[PDB]
Amino acid sequence: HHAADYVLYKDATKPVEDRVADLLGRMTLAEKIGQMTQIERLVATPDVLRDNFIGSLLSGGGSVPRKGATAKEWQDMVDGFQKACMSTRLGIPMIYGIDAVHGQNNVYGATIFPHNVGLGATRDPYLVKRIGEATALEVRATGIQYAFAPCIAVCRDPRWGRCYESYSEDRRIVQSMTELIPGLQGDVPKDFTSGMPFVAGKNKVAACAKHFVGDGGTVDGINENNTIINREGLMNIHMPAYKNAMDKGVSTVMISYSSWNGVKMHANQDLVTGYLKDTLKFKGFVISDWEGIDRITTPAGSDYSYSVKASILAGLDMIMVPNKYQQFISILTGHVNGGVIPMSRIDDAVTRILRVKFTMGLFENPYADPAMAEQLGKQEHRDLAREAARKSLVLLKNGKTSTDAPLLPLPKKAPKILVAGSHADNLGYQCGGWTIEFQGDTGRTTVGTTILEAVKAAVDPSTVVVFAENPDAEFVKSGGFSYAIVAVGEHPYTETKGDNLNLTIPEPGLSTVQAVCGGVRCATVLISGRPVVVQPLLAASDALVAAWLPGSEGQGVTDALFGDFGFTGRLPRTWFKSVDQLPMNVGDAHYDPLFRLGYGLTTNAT
Ligand SMILES: CO[C@@H]1O[C@H](CO)[C@@H](O)[C@H](O)[C@H]1S[C@@H]1O[C@H](CO)[C@@H](O)[C@H](O)[C@H]1O
């Protein structure tokens, strides 16, 4: 259509499938393999990107241009990489991915939403959709086009370090929370075929349903381990939400480290090609996890040639290398040159990668929009996170006996109150893992309101607020306090570091709750990524709230404590009596919970 030097794949008016086909037919082997290669920003340079025809970059957890970097610094970084890719012969833009899994969480000043287990407690798919919308804007604020979310693991054992990344042990809650997908990407159009990738445009991002499949089902919740369940249980528990993801046009799927009955997902042709592609009709791209291919072997990385062969023949399209791109490209090129991997496979992989890039408008807007920078940490997004935090909270106890006055909601006016505990004035702890750093961190890591700060912003100006992290019993008894709010729980963790067989909170936690509640009526706020041993906390406390990992907006906690809204959260997991019972999920034969899935006390707004 019309000029001397017309190249159909560059024509924005043409159908995506014709663009894909036109570009693919022009590409060399090196240009194809390049598309299939995702590298860390930490090993990327202009020359590396250009000479290897690199298709994608990511920031892994904590991989940032520098500490405290502004939205514009992020855009400049991404643009700098993109300029190199757009200068190749074919000018195929790279897509940049990041784990924006509760906001754009690696970024200083990004709104930090509650983690997924709290979101499950909300039972509010529309809220999650809205969080998807806001997240897309904050990810685009930083120039990034692709979020490795949602995690749709159905966590079947809370000893897993990633249980907080699952919305529920009940697949139906997980399925309902796939509304994150059209949040992040835009609603699919009315026609729409299930399994087609979709992204509305430059104000949205490509999503990623992960980690396919049964990541939530590993033995003793060991991270990356074996999931021993039969096809019926796979299909009934761990699969359904992937089908909802297909219907909502999720653009990519990330493969699990885990194995299904001794077969490594990263080598499972029957599930990746047979099921995801050929039965669910997924037409987006399938990405590996980080060194997921290396982990096919034991030790990991010990026969990387076999790792490339097995993964690529299994039907993986893009490999998150992420560092040793030269070895990956060399080996894969060898396999293709040797006839071990047919061109038809390469062409399928690249066809899917390009389909997503074209569909989302990446060839029309490869560069960042500086006007979107102000989306980062935008106050409306914070008000949304604050709403979500509040809705996430599950009230487990409100009075030690049935005839006690309920403690919550607390009055905003009182002569003097105590705020205590390790988790009362620690933003990093209240955000938990995947915040600023991979494993999360302690202290004031980003912009936010701690519980203490929230309490001070909420109360009557005549209320004197005292903070003591770990006061002794006497201090409390002598203080003249009307009540205390005490906040304790788990430290931040991510992935294998949080695999935990005992599930008890670190001390001082319990000892502080005991010393405070022994002296004055107390509301205990429990910060955790999962159910933890809670009977001793409960026995000491007048009221106790499971606040999960509520994120940057700690006023979501005080909104419910002071009665501006009523508690509405409901457990999205079974609260066990003992780790010796685990796994123990709703619907099991021996089902003996401390608190069943669905439990939650309520209050009315005052
Ligand atoms: C963020 O990368 C993590 O890095 C450490 C080392 O830096 C690896 O040991 C971990 O296995 C990965 S976890 C993996 O990371 C993907 C990219 O961030 C993420 O999307 C996925 O959900 C994780 O399983």
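Numbers and lists here come from the model and the stated rules, or from a named source; these are not laboratory values. In this analysis, Cβ positions are derived from the backbone assuming ideal geometry, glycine residues included, and neighbour counts consider all displayed protein chains.
Could you look through the stretch 15-34, keep only residues that are charged (D, E, K, R) and surrounded by 15 or more Cβ atoms within 10 Å (Cβ to Cβ), and pick out the one that is nearest to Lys357 (Cα to Cα)? That would be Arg19. With respect to the conditions (1) under 20 Å from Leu393 (Cα atoms); (2) within 16 Å of the ligand (Cβ to nearest atom), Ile485 lacks only one, and its number is (2). Checking the stated criteria, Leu8 turns out to be in contact with an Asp or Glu (Cβ under 6 Å, 6 or more places away or on another chain) and more than 23 Å from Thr446 (Cβ to Cβ).
Here the condition is being under 13 Å from the mean Cα position of the chain (by Cα) and farther than 22 Å from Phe363 by Cα; of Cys155, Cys163, it holds for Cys163 alone.
Within the stretch 525-578, if we keep just the residues that are of a type in the set (D, E, K, R) and in contact with a strand residue (DSSP E or B) (Cβ under 8 Å, 6 or more places away or on another chain), the residue that is surrounded by the most Cβ atoms within 10 Å (Cβ to Cβ) turns out to be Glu553. Note on the stretch 224-256: among residues that are among the charged types (D, E, K, R), in contact with a helix residue (DSSP H, G or I) (Cβ under 9 Å, 6 or more places away or on another chain) and under 27 Å from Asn585 (Cα atoms), the one that is farthest from the ligand (Cβ to nearest atom) is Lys243.
Against the list (1) surrounded by 24 or more Cβ atoms within 10 Å (Cβ to Cβ); (2) of a type outside the set (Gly, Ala, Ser); (3) more than 16 Å from the ligand (Cβ to nearest atom); (4) more than 24 Å from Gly563 (Cα to Cα), the condition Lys477 fails is (1).
What pairs come up if the first residue lies in the stretch 120-141 and is farther than 14 Å from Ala206 by Cβ, the second is β-branched (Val, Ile, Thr) and not in a loop (DSSP other than H, G, I, E, B), and their beta carbons are under 7 Å apart, counting only those six or more places apart or on different chains? Close Cβ pairs (under 7 Å, with a partner that is β-branched (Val, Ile, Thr) and not in a loop (DSSP other than H, G, I, E, B)) amount to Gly120/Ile173; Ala121/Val394.
The set of residues from the stretch 563-594 being among the small types (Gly, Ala, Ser) and within 19 Å of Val534 (Cα to Cα) comprises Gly569, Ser578.
Candidates in the stretch 1-44 are the residues that are within 28 Å of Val308 (Cβ to Cβ) and among the hydroxyl-bearing types (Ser, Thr, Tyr); of these, the one that is farthest from the chain's Cα centre (by Cα) is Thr28. Inside the stretch 197-223, residues that are surrounded by fewer than 20 Cβ atoms within 10 Å (Cβ to Cβ), in a loop (DSSP other than H, G, I, E, B) and either of a type outside the set (A, V, I, L, M) or more than 16 Å from the ligand (Cβ to nearest atom) (or both) make up a count of 5. When you look at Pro299, is it under 27 Å from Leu180 (Cβ atoms), assigned by CATH to the domain that holds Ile222 and within 16 Å of the ligand (Cβ to nearest atom), yes or no? Taking the combined requirement at face value, the residue does not satisfy it. For the stretch 266-291, the tally of residues that are part of a loop (DSSP other than H, G, I, E, B), more than 14 Å from the ligand (Cβ to nearest atom) and more than 19 Å from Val205 (Cβ to Cβ) stands at 5. So, of the residues in the stretch 54-73 that are surrounded by 23 or more Cβ atoms within 10 Å (Cβ to Cβ) and of a type in the set (A, V, I, L, M, F, W, C), which turns out to be farthest from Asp369 (Cα to Cα)? For the stretch 54-73, the residue satisfying everything is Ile54. For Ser194, only one of the following conditions fails: (1) within 12 Å of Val250 (Cβ to Cβ); (2) polar (S, T, N, Q); (3) crowded, with 24+ Cβ neighbours inside 10 Å. What is its number? Unmet condition: (3).
The residue that is farthest from the ligand (Cβ to nearest atom), counting only those in the stretch 415-444 that are under 27 Å from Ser541 (Cα atoms) and aliphatic (A, V, I, L, M), is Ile417. Looking across the stretch 149-182, the residues that are surrounded by fewer than 24 Cβ atoms within 10 Å (Cβ to Cβ) and either part of a loop (DSSP other than H, G, I, E, B) or within 13 Å of the ligand (Cβ to nearest atom) (or both) come down to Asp157, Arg159, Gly161, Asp170.
Once the stretch 278-294 is narrowed to residues that are of a type outside the set (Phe, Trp, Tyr) and crowded, with 21+ Cβ neighbours inside 10 Å, the residue that is farthest from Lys248 (Cα to Cα) is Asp294. I'd like to know if the stretch 321-332 contains one or more residues that are within 16 Å of the ligand (Cβ to nearest atom), farther than 18 Å from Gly34 by Cα, in the same structural domain as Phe198 (by CATH) and aliphatic (A, V, I, L, M). No - not one qualifying residue is present in the stretch 321-332. Condition check: in a loop (DSSP other than H, G, I, E, B), touching a strand residue (DSSP E or B) at 6+ places or on another chain (Cβ under 9 Å), surrounded by 15 or more Cβ atoms within 10 Å (Cβ to Cβ) and β-branched (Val, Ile, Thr). Does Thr603 satisfy that? Answer is yes for this residue. Looking at the stretch 504-522, is at least one residue in contact with a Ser or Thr (Cβ under 6 Å, 6 or more places away or on another chain) and surrounded by fewer than 23 Cβ atoms within 10 Å (Cβ to Cβ)? The answer is no, given that none of the residues of the stretch 504-522 is in contact with a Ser or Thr (Cβ under 6 Å, 6 or more places away or on another chain) and surrounded by fewer than 23 Cβ atoms within 10 Å (Cβ to Cβ). When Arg382 is tested against the conditions (1) in the same structural domain as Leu549 (by CATH); (2) in a loop (DSSP other than H, G, I, E, B); (3) touching an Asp or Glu at 6+ places or on another chain (Cβ under 9 Å); (4) not aliphatic (A, V, I, L, M), the lone failure is (2).
Taking the stretch 551-606 as the range and being of a type in the set (A, V, I, L, M) and within 16 Å of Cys155 (Cβ to Cβ) as the test, the residues that pass are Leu571, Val579, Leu582, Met584, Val586, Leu597. The residues of the stretch 499-546 that are in contact with a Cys (Cβ under 8 Å, 6 or more places away or on another chain) and within 16 Å of the ligand (Cβ to nearest atom) amount to a single one, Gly529.
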